[PDB]
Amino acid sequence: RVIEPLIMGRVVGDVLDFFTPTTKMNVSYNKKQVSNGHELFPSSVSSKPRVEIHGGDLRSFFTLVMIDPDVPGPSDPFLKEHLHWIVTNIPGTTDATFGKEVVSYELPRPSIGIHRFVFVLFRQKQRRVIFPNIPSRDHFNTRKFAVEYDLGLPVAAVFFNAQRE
């Protein structure tokens, strides 16, 4: 039931494997929480959001990625995924500003149709801090990225829909 909007919205399937959410994540833009699957205007999301994470060991570290799988349009997404943001080594119970920004936040600018803008959080392996070298934002693969950096399955994910205004 908790992952339901991600399954109906095809995030689980198109971008992520099935997982059991275990960390609470709250993504907010100017204090307005992102609600799974609801539409936002691009102008509302032009600056990076606040991403607070909750619960679990204070010693844990988390990686956040933001991706758009529907590029340039969802019907023929031949550039998928477009990478919007990567923050690693976020201490448990804090927020993205406490991690290492590895890929800077790129404002959502969907070209064709309605795109899903997806935030995914992973727990890092114990005693591991990571610094991914990502040469390009196009043709990004979240599943492959998690395998590369030993990030396991997502522990939380949320997304919004956005289209050109």
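Residues carry their position along the shown sequence, with the first being 1.
Between 49-57 and 92-100, the higher mean Cα B-factor belongs to 49-57. Stretches 66-74 and 135-143 differ in mean C-alpha B factor, with the higher average recorded for 135-143. Of the candidates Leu40, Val120, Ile114, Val27, the deposited coordinates give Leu40 the top C-alpha B factor. Among all modelled residues in its chain, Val158 ranks in the middle third by Cα B-factor.
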